[PDB]
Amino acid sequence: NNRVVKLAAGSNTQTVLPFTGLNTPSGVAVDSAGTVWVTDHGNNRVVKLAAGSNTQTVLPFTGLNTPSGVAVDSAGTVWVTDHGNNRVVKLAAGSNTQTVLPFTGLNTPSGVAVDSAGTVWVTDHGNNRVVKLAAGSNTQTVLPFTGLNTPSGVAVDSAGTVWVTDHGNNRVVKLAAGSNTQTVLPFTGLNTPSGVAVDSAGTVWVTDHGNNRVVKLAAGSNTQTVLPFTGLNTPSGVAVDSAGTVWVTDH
């Protein structure tokens, strides 16, 4: 539906954000200030809406092709998976020069996530794996997930646990750092899930793209719920801030 919708925690009444001219928006990311970044996938661009503004800005990336995931940090740096060019690119706040990260061997990468250390994780969707780029050293490693099939979304929480939507297997998996135990989350009945978001409380939200719905596992619960969005079609991406406001790209 070429729009971005949000729901405040406990609300039944979504808001449509005043983005304009979106074409198949995919990734979304938010910071604590309420700023929203969206990969406008069909237009090969990344757009941004500052809180209280009604007019988006376009980040000065160049040469993107079918960009997918987007991530941001507290310094205001923005990373975008340039899915069509098998690369990840970033822009620092206030800068006109984009930087191609030293990942190697990516194929149709999907999601991107970062932590406060500057570590970057990418779902290397076409290679059925998640790759981590260590800050400073730029060492690449492959996380020991197993059995992934076209993974798409990725998120990392403050404890450093990696969540992935295992899109081709209709499931969501998580893996703590250093670990060789992956946990399948008790979501049920998913179809080509596409985005995942996690808050500090440990709640997890997933865009269940094939079922036109956003599902949630509240922290300490084993019962999934469906957020009361209205009119969603193939939601792609999801982001949450501290408080449980949820933004979704209604791709």
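The first residue of the shown sequence is 1; numbering continues from there.
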Comparing 158-166 with 89-97, the higher average Cα temperature factor in the PDB entry belongs to 89-97
Selected stretch [higher average CA B-factor]: 197-205 or 184-192: 197-205
Highest CA temperature factor in the entry: which of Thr62, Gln56, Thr225, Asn211? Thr62
Please work out which residue in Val78, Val122, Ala177, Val173 has the highest C-alpha B-factor recorded for this crystal structure. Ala177
Using the B-factors in the PDB entry, rank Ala9's C-alpha atom against the chain and give the third, lowest, middle or highest. highest
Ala113: which third of its chain by C-alpha temperature factor? lowest
Taking the C-alpha B-factors as the PDB entry records them, is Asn2 in the lowest, middle or highest third of its chain? middle
Third of the chain, ranked by Cα B-factor, where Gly126 sits: highest
Please place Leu232 in the lowest, middle or highest third of its chain according to the CA B-factor in the PDB entry. highest
